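Visitor: Have a peek at coords.txt (compact mmCIF, C-alpha atoms).
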```txt
# COMPACT_ATOMS: atom_id res chain seq x y z
CA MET A 1 -0.65 -33.94 -7.83
CA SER A 2 1.07 -33.64 -4.46
CA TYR A 3 -0.64 -31.93 -1.52
CA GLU A 4 1.08 -28.60 -2.24
CA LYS A 5 0.07 -28.64 -5.90
CA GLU A 6 -3.57 -29.41 -5.17
CA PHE A 7 -3.58 -26.73 -2.49
CA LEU A 8 -2.19 -24.18 -4.98
CA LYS A 9 -4.81 -25.19 -7.52
CA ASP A 10 -7.77 -24.87 -5.13
CA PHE A 11 -6.25 -21.61 -3.97
CA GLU A 12 -6.22 -20.22 -7.53
CA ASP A 13 -9.78 -21.37 -8.30
CA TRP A 14 -10.91 -19.70 -5.08
CA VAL A 15 -9.31 -16.41 -6.16
CA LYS A 16 -10.96 -16.65 -9.59
CA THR A 17 -14.26 -17.23 -7.76
CA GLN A 18 -13.78 -14.13 -5.59
CA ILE A 19 -13.00 -12.06 -8.69
CA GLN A 20 -16.31 -13.10 -10.27
CA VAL A 21 -18.08 -12.56 -6.96
CA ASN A 22 -16.75 -9.04 -6.52
CA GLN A 23 -17.08 -8.03 -10.17
CA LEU A 24 -20.83 -8.63 -10.08
CA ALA A 25 -21.36 -6.99 -6.68
CA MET A 26 -19.17 -4.13 -7.88
CA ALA A 27 -21.02 -3.73 -11.18
CA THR A 28 -24.35 -4.11 -9.38
CA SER A 29 -23.68 -1.35 -6.85
CA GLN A 30 -21.83 0.97 -9.24
CA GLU A 31 -25.11 0.75 -11.11
CA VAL A 32 -26.77 2.76 -8.34
CA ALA A 33 -23.87 5.05 -7.42
CA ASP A 34 -26.06 7.34 -1.79
CA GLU A 35 -22.86 7.12 0.28
CA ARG A 36 -23.84 3.50 0.77
CA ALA A 37 -23.61 2.40 -2.85
CA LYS A 38 -20.29 4.19 -3.32
CA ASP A 39 -18.89 2.75 -0.09
CA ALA A 40 -19.98 -0.70 -1.31
CA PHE A 41 -18.45 -0.18 -4.75
CA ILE A 42 -15.17 0.88 -3.11
CA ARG A 43 -15.25 -2.16 -0.83
CA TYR A 44 -15.76 -4.53 -3.74
CA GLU A 45 -13.36 -2.88 -6.16
CA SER A 46 -10.70 -2.89 -3.43
CA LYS A 47 -11.09 -6.65 -3.05
CA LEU A 48 -11.07 -7.18 -6.81
CA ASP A 49 -7.81 -5.24 -6.99
CA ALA A 50 -6.18 -7.51 -4.38
CA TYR A 51 -7.43 -10.66 -6.11
CA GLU A 52 -6.42 -9.49 -9.56
CA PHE A 53 -2.89 -9.01 -8.20
CA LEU A 54 -2.89 -12.53 -6.72
CA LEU A 55 -3.89 -13.92 -10.12
CA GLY A 56 -0.56 -12.55 -11.27
CA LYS A 57 1.29 -14.52 -8.58
CA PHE A 58 -0.32 -17.77 -9.68
CA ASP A 59 0.95 -17.00 -13.17
CA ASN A 60 4.45 -16.87 -11.68
CA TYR A 61 3.81 -20.33 -10.22
CA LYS A 62 2.54 -21.79 -13.50
CA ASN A 63 5.73 -20.37 -15.03
CA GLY A 64 8.14 -21.65 -12.38
CA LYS A 65 9.11 -18.12 -11.31
CA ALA A 66 9.74 -17.07 -7.73
CA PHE A 67 6.77 -15.50 -5.94
CA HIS A 68 8.19 -11.95 -5.86
CA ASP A 69 8.83 -11.85 -9.63
CA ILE A 70 6.70 -9.63 -11.89
CA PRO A 71 4.04 -11.41 -14.07
CA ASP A 72 3.98 -11.32 -17.88
CA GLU A 73 1.41 -9.24 -19.79
CA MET B 1 11.96 -27.13 0.58
CA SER B 2 10.56 -27.95 -2.85
CA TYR B 3 9.50 -25.19 -5.25
CA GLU B 4 5.85 -25.41 -4.16
CA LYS B 5 6.72 -25.16 -0.47
CA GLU B 6 8.96 -22.14 -0.93
CA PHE B 7 6.31 -20.52 -3.09
CA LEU B 8 3.69 -21.09 -0.36
CA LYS B 9 6.04 -19.63 2.23
CA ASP B 10 6.83 -16.46 0.26
CA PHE B 11 3.12 -16.21 -0.48
CA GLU B 12 2.26 -16.26 3.24
CA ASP B 13 4.96 -13.72 4.18
CA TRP B 14 3.64 -11.45 1.43
CA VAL B 15 0.12 -11.64 2.88
CA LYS B 16 1.44 -10.87 6.37
CA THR B 17 3.24 -7.88 4.84
CA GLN B 18 0.05 -6.60 3.19
CA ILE B 19 -1.80 -6.93 6.50
CA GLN B 20 0.77 -4.72 8.22
CA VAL B 21 0.74 -2.35 5.26
CA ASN B 22 -3.03 -1.94 5.30
CA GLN B 23 -3.38 -1.85 9.08
CA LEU B 24 -1.18 1.24 9.29
CA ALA B 25 -2.76 3.00 6.29
CA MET B 26 -6.15 2.07 7.73
CA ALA B 27 -5.33 3.32 11.23
CA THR B 28 -3.68 6.42 9.75
CA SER B 29 -6.70 7.44 7.68
CA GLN B 30 -9.34 6.39 10.22
CA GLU B 31 -7.46 8.88 12.36
CA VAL B 32 -8.79 11.69 10.18
CA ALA B 33 -12.23 10.26 9.35
CA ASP B 34 -13.88 14.16 4.48
CA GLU B 35 -15.34 11.58 2.06
CA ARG B 36 -11.73 10.98 1.06
CA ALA B 37 -10.49 9.68 4.40
CA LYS B 38 -13.51 7.42 4.81
CA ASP B 39 -13.21 6.12 1.26
CA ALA B 40 -9.53 5.39 1.97
CA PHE B 41 -10.31 3.67 5.27
CA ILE B 42 -12.90 1.50 3.49
CA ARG B 43 -10.41 0.65 0.74
CA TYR B 44 -7.77 -0.41 3.24
CA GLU B 45 -10.05 -2.25 5.64
CA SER B 46 -11.53 -4.13 2.69
CA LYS B 47 -8.06 -5.34 1.71
CA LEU B 48 -7.20 -6.23 5.29
CA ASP B 49 -10.37 -8.33 5.46
CA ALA B 50 -9.37 -10.30 2.34
CA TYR B 51 -5.82 -10.83 3.63
CA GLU B 52 -6.95 -11.82 7.10
CA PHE B 53 -9.11 -14.52 5.46
CA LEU B 54 -6.14 -15.77 3.42
CA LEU B 55 -4.10 -16.06 6.61
CA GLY B 56 -6.69 -18.63 7.62
CA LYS B 57 -6.06 -20.64 4.45
CA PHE B 58 -2.34 -20.80 5.14
CA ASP B 59 -3.22 -22.20 8.56
CA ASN B 60 -5.06 -24.99 6.75
CA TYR B 61 -1.86 -25.65 4.78
CA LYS B 62 0.34 -25.72 7.88
CA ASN B 63 -2.18 -28.20 9.29
CA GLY B 64 -2.41 -30.43 6.21
CA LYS B 65 -6.09 -29.60 5.67
CA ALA B 66 -7.69 -29.09 2.28
CA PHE B 67 -7.94 -25.48 1.12
CA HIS B 68 -11.73 -25.19 1.49
CA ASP B 69 -11.71 -26.37 5.13
CA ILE B 70 -12.48 -23.92 7.95
CA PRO B 71 -9.47 -22.70 10.07
CA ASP B 72 -9.12 -23.26 13.82
CA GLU B 73 -9.60 -20.41 16.32
```
Show me the file's structure as C-alpha cells.

Guide:
Amino acid sequence: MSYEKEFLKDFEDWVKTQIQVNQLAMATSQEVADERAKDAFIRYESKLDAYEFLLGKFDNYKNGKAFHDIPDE
Amino acid sequence: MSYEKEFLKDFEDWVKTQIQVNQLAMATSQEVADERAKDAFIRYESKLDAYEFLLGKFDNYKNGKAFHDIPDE
C-alpha cells in the first residue's frame, strides 16, 4: 500500500472505532435519560451520525467512486 | 493527482464545508439559547468538534505523518 492508501485505511478504522465509542456512551446515557443525560445522549448521537455518514464515503472509496457520490444500500 | 489524492482533497473540502455549516447553525441557535435551542446547539457543536478534529488529521496527511500522529499547533 502507498502512503495515501494506508492513510485512508487508518482513517476508516478510526471512524469505525469512534462509532463503537459513541454507540456505547450513547446507549449508556440514554439508559438514564436529568438534562445532563439527555444533553450527553444528544452529543454522542450527533457524533455517531457524522461518523456513520463518513462510513458511507469510505464505501465510495472502496468502490472507486468520487467522494461526493451517494453510497449503496 | 491520483485517485487517492483527489479523494483525500474532496474529503478535506467536505469537512471544511461541514465546519462552516455547523458554525453558523451553532451560532444561530446559541443566539436563542427553550430546551430545543440548547439541544440544537449541542447537536451542532458536537459535530463541529468531530470535524475540527478531522481537520487535524488532514494536516498530518499534508505533512506526511501517519494518521494516528498528533497535529502541530

Visitor: Contacts of residue A:18 at 9 Å or less, counting all atoms listed in the file, minus same-chain residues fewer than 6 places along, as an mmCIF file with C-alpha atoms, in the coordinates of the input?

Guide:
```cif
data_model
loop_
_atom_site.group_PDB
_atom_site.id
_atom_site.type_symbol
_atom_site.label_atom_id
_atom_site.label_comp_id
_atom_site.auth_asym_id
_atom_site.auth_seq_id
_atom_site.Cartn_x
_atom_site.Cartn_y
_atom_site.Cartn_z
ATOM 1 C CA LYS A 47 -11.090 -6.650 -3.050
ATOM 2 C CA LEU A 48 -11.070 -7.180 -6.810
ATOM 3 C CA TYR A 51 -7.430 -10.660 -6.110
#
```

Visitor: Might you pull out every residue within 12 Å of residue B:9, with only C-alpha atoms counted and same-chain residues fewer than 3 positions away left off, and present them as a list in words?

Guide: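 Listing them by chain and then by number gives residues 4, 8, 66, 67 and 68 of chain A; 1, 2, 3, 4, 5, 6, 12, 13, 14, 15, 16, 55, 58, 59, 61 and 62 of chain B.
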
Visitor: Report, in Å with one decimal, the straight-line distance from atom CA of residue B:46 to atom CA of residue B:64.

Guide: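 About the pair atom CA of residue B:46 and atom CA of residue B:64: they are 28.1 Å apart.
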
Visitor: Nearest to chain A among B:56, B:63, B:22, B:39, with distances taken over all atoms listed in the file: which residue is it?

Guide: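 When distances to chain A are compared using all atoms listed in the file, the smallest one comes from B:39.
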
Visitor: Between B:57, B:38, B:43, B:65, single out the one closest to residue B:23, counting only C-alpha atoms.

Guide: B:43

Visitor: Which distance in Å separates atom CA of residue B:49 and atom CA of residue A:37, to one decimal?

Guide: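 Between these atoms lies a distance of 19.0 Å.
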
Visitor: What does the structure give for the distance between atom CA of residue A:41 and atom CA of residue A:24, in Å to one decimal?

Guide: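 Computing the Euclidean distance for atom CA of residue A:41 and atom CA of residue A:24 yields 10.3 Å.
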
Visitor: Kindly provide, as AutoDock Vina command-line options, the centre and edge lengths (Å, one decimal) of an axis-aligned box around all atoms of stretch 58-69 of chain A given in the file, with 5 Å on each side.

Guide:
```
--center_x 4.7 --center_y -16.8 --center_z -10.4 --size_x 20.1 --size_y 19.9 --size_z 19.2
```

Visitor: Which one of B:34, B:52, B:72, B:10 sits closest to chain A if you count only C-alpha atoms?

Guide: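 Residue with the minimum atom-to-atom distance to chain A: B:10.
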
Visitor: Counting all atoms listed in the file, which of B:50, B:25, B:19, B:32 gets nearest to chain A?

Guide: B:50

Visitor: Using only C-alpha atoms, find the one residue out of B:11, B:28, B:20, B:71 that sits nearest to chain A.

Guide: B:11

Visitor: Using only C-alpha atoms, which of the listed residues (A:36, A:29, A:21, A:42) sits closest to chain B?

Guide: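 The shortest atom-to-atom distance to chain B comes from A:42.
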
Visitor: For residue B:27, please output as a PyMOL selection string all residues within 10 Å (counting only C-alpha atoms; exclusion window: fewer than 6 positions along the same chain).

Guide: chain B and resi 33+41+44-45
